[PDB]
file work.txt (compact mmCIF, C-alpha atoms)
# COMPACT_ATOMS: atom_id res chain seq x y z
CA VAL A 37 9.75 -8.22 -4.69
CA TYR A 38 7.45 -5.76 -6.33
CA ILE A 39 4.15 -4.19 -5.36
CA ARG A 40 1.19 -4.39 -7.70
CA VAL A 41 -2.21 -2.61 -7.42
CA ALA A 42 -5.48 -4.58 -8.13
CA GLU A 43 -8.82 -2.92 -9.07
CA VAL A 44 -11.18 -5.53 -7.66
CA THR A 45 -14.55 -5.43 -9.48
CA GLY A 46 -15.70 -9.05 -8.84
CA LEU A 47 -14.28 -12.54 -8.41
CA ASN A 48 -12.32 -12.46 -11.70
CA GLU A 49 -9.24 -10.61 -10.17
CA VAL A 50 -8.61 -13.18 -7.39
CA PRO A 51 -6.70 -15.74 -9.46
CA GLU A 52 -4.12 -13.12 -10.66
CA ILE A 53 -3.79 -11.72 -7.04
CA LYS A 54 -3.09 -15.28 -5.91
CA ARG A 55 -0.45 -15.67 -8.62
CA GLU A 56 1.38 -12.45 -7.55
CA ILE A 57 1.40 -13.45 -3.83
CA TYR A 58 2.67 -16.96 -4.76
CA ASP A 59 5.36 -15.18 -6.80
CA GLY A 60 6.54 -13.47 -3.58
CA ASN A 61 5.07 -10.07 -4.58
CA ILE A 62 2.86 -7.61 -2.58
CA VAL A 63 -0.66 -6.73 -3.75
CA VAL A 64 -2.61 -3.66 -2.70
CA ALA A 65 -6.24 -4.35 -3.71
CA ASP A 66 -8.83 -1.64 -4.30
CA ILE A 67 -12.22 -2.99 -3.18
CA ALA A 68 -14.17 0.33 -3.43
CA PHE A 69 -16.26 -0.93 -6.30
CA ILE A 70 -17.72 -3.91 -4.51
CA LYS A 71 -18.11 -2.41 -1.02
CA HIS A 72 -21.88 -2.35 -1.65
CA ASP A 73 -22.18 -5.75 -3.24
CA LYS A 74 -21.60 -7.44 0.04
CA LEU A 75 -22.14 -10.95 -1.15
CA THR A 76 -19.40 -10.51 -3.76
CA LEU A 77 -17.22 -8.65 -1.23
CA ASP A 78 -17.53 -11.38 1.37
CA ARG A 79 -16.54 -14.10 -1.15
CA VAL A 80 -13.51 -12.11 -2.36
CA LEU A 81 -12.39 -11.33 1.21
CA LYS A 82 -12.96 -14.96 2.23
CA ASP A 83 -10.68 -15.99 -0.68
CA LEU A 84 -8.01 -13.37 0.12
CA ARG A 85 -7.98 -14.21 3.83
CA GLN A 86 -7.62 -17.92 3.01
CA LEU A 87 -4.73 -17.00 0.65
CA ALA A 88 -2.95 -15.12 3.45
CA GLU A 89 -3.34 -18.21 5.69
CA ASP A 90 -2.16 -20.52 2.94
CA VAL A 91 1.09 -18.61 2.42
CA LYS A 92 1.65 -17.46 6.05
CA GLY A 93 1.26 -13.94 4.67
CA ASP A 94 -0.62 -10.98 6.12
CA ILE A 95 -3.77 -9.10 5.03
CA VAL A 96 -4.66 -5.73 6.54
CA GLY A 97 -7.37 -3.13 5.67
CA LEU A 98 -6.03 0.30 4.55
CA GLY A 99 -8.77 2.88 5.11
CA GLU A 100 -12.19 1.92 3.75
CA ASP A 101 -11.35 1.04 0.21
CA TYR A 102 -8.08 -0.94 0.14
CA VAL A 103 -6.60 -4.12 1.58
CA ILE A 104 -2.84 -4.78 1.70
CA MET A 105 -1.77 -8.38 1.10
CA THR A 106 1.76 -9.63 1.72
CA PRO A 107 3.56 -12.84 0.76
CA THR A 108 5.38 -15.29 3.08
CA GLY A 109 7.69 -13.55 5.60
CA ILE A 110 6.51 -9.96 4.89
CA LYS A 111 4.27 -8.55 7.61
CA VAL A 112 2.38 -5.31 8.08
CA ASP A 113 3.56 -3.33 11.11
CA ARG A 114 0.15 -2.20 12.52
CA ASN A 115 1.64 0.62 14.61
CA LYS A 116 1.35 3.69 12.29
CA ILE A 117 3.91 6.44 11.85
CA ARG A 118 2.45 9.53 13.42
CA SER A 119 3.57 13.07 14.18
CA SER A 120 6.80 13.15 16.25
CA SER A 121 5.45 16.32 18.01
CA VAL B 37 10.91 -6.32 5.26
CA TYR B 38 7.65 -5.05 6.58
CA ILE B 39 5.12 -2.46 5.41
CA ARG B 40 4.17 0.42 7.69
CA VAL B 41 1.37 2.96 7.19
CA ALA B 42 2.14 6.69 7.84
CA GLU B 43 -0.46 9.30 8.69
CA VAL B 44 1.03 12.29 7.03
CA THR B 45 -0.40 15.41 8.74
CA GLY B 46 2.50 17.78 8.13
CA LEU B 47 6.30 17.86 7.93
CA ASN B 48 6.83 15.95 11.14
CA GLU B 49 6.46 12.41 9.80
CA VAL B 50 9.07 12.67 7.01
CA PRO B 51 12.16 11.86 9.27
CA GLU B 52 10.61 8.54 10.40
CA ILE B 53 9.42 7.65 6.85
CA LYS B 54 13.02 8.13 5.71
CA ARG B 55 14.29 5.95 8.55
CA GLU B 56 11.95 3.09 7.55
CA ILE B 57 12.90 3.35 3.88
CA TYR B 58 16.67 3.43 4.68
CA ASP B 59 16.03 0.34 6.80
CA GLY B 60 14.63 -1.62 3.81
CA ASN B 61 10.91 -1.32 4.81
CA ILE B 62 7.94 -0.17 2.66
CA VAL B 63 5.82 2.83 3.67
CA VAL B 64 2.26 3.53 2.61
CA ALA B 65 1.63 7.21 3.34
CA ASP B 66 -1.90 8.59 3.89
CA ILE B 67 -1.65 12.19 2.63
CA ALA B 68 -5.44 12.93 2.78
CA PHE B 69 -4.83 15.46 5.60
CA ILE B 70 -2.59 17.70 3.57
CA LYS B 71 -3.94 16.98 0.11
CA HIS B 72 -5.69 20.36 0.03
CA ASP B 73 -2.84 22.37 1.53
CA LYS B 74 -0.71 22.24 -1.61
CA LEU B 75 2.34 24.01 -0.21
CA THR B 76 2.65 21.51 2.63
CA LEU B 77 1.94 18.65 0.20
CA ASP B 78 4.68 19.86 -2.22
CA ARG B 79 7.18 20.16 0.65
CA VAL B 80 6.46 16.67 1.88
CA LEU B 81 6.48 15.26 -1.73
CA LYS B 82 9.72 16.93 -2.71
CA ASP B 83 11.33 15.28 0.38
CA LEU B 84 9.89 11.84 -0.41
CA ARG B 85 10.75 11.96 -4.13
CA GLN B 86 14.30 12.98 -3.26
CA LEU B 87 14.48 9.99 -0.88
CA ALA B 88 13.18 7.59 -3.61
CA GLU B 89 15.81 8.89 -6.04
CA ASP B 90 18.56 8.67 -3.43
CA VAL B 91 17.92 5.05 -2.58
CA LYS B 92 16.83 4.05 -6.07
CA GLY B 93 13.43 2.99 -4.59
CA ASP B 94 10.10 4.06 -5.99
CA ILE B 95 7.21 6.31 -5.12
CA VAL B 96 3.77 6.25 -6.79
CA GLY B 97 0.28 7.53 -5.96
CA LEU B 98 -2.28 4.99 -4.76
CA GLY B 99 -5.54 6.61 -5.81
CA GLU B 100 -6.09 9.98 -4.24
CA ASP B 101 -5.26 9.59 -0.56
CA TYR B 102 -2.06 7.48 -0.52
CA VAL B 103 1.53 7.36 -1.70
CA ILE B 104 3.38 4.03 -1.73
CA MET B 105 7.11 4.32 -1.17
CA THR B 106 9.56 1.48 -1.61
CA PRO B 107 13.16 0.91 -0.62
CA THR B 108 16.25 -0.02 -2.76
CA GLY B 109 15.53 -3.09 -4.78
CA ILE B 110 11.71 -2.88 -4.56
CA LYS B 111 9.59 -1.46 -7.41
CA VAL B 112 5.89 -0.70 -7.98
CA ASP B 113 4.55 -2.37 -11.15
CA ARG B 114 2.34 0.29 -12.64
CA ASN B 115 0.27 -2.14 -14.77
CA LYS B 116 -2.78 -2.83 -12.54
CA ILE B 117 -4.46 -6.22 -12.06
CA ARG B 118 -7.79 -5.56 -13.74
CA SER B 119 -10.74 -7.59 -14.98
call {"tool": "encode", "arguments": {"input": "work.txt", "output": "structure tokens"}}
result
Amino acid sequence: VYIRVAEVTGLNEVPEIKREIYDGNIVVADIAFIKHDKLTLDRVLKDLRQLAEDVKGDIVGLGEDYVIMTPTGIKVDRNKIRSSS
Amino acid sequence: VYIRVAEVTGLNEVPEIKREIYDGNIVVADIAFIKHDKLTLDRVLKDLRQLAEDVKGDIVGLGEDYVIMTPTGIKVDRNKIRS
């Protein structure tokens, strides 16, 4: 397993993200660039959500600008680590 | 293996980050809180870099606000997926 970072600027990064997930790797995708091209953003996120369903993987937003995508059998624990105090 | 996000406000989240890494889990740490308090940042980073070395995991910046930390056996491929 490795983690790879994607700089998502349009629909042309989706096929390589799919390939990494199918390879059992984790992708953290930067969507900052297309946050204001909502049509393009919606299509990408539709594709990446369908991918997660197709592989029984997970997909979780990370702040405003990133999405974390995991392959089969790797989940995101949604309870954050916070101050012990 | 799972991934867990950490909200790193100070020195008090480092013990739990270490526990997750030792356990074989991945941590994505949001360091935006302490990014501009460079002494605190260097203390936290020294601790997390030492942990990465110790377990032969990895640690790499994700843009400005985040650090991705990986356990033994898991690397971060620094070549990005780009157009």
call {"tool": "atom_distance", "arguments": {"input": "work.txt", "atom1": "CA of residue 61 in chain A", "atom2": "CA of residue 93 in chain B"}}
result
15.5 Å
call {"tool": "closest_residue", "arguments": {"input": "work.txt", "among": "B:100, B:90, B:73, B:66", "to": "residue 54 in chain B", "atoms": "only C-alpha atoms"}}
result
B:90
call {"tool": "interface_residues", "arguments": {"input": "work.txt", "of": "chain A", "to": "chain B", "cutoff": "10 Å", "atoms": "all atoms listed in the file", "output": "ChimeraX atom specification"}}
result
/A:37-50,52-53,56,61-66,98-99,102,104,106,109-121
call {"tool": "atom_distance", "arguments": {"input": "work.txt", "atom1": "CA of residue 55 in chain B", "atom2": "CA of residue 107 in chain B"}}
result
10.5 Å
call {"tool": "atom_distance", "arguments": {"input": "work.txt", "atom1": "CA of residue 108 in chain A", "atom2": "CA of residue 93 in chain A"}}
result
4.6 Å
call {"tool": "closest_residue", "arguments": {"input": "work.txt", "among": "B:57, B:67, B:103, B:77", "to": "residue 89 in chain B", "atoms": "only C-alpha atoms"}}
result
B:57
call {"tool": "closest_residue", "arguments": {"input": "work.txt", "among": "B:96, B:75, B:80, B:91", "to": "residue 60 in chain B", "atoms": "all atoms listed in the file"}}
result
B:91
call {"tool": "axis_aligned_box", "arguments": {"input": "work.txt", "around": "range 78-97 of chain A", "padding_each_side": "6 Å", "output": "lines of an AutoDock Vina configuration file"}}
result
center_x = -7.9
center_y = -11.8
center_z = 2.1
size_x = 31.2
size_y = 29.4
size_z = 20.9
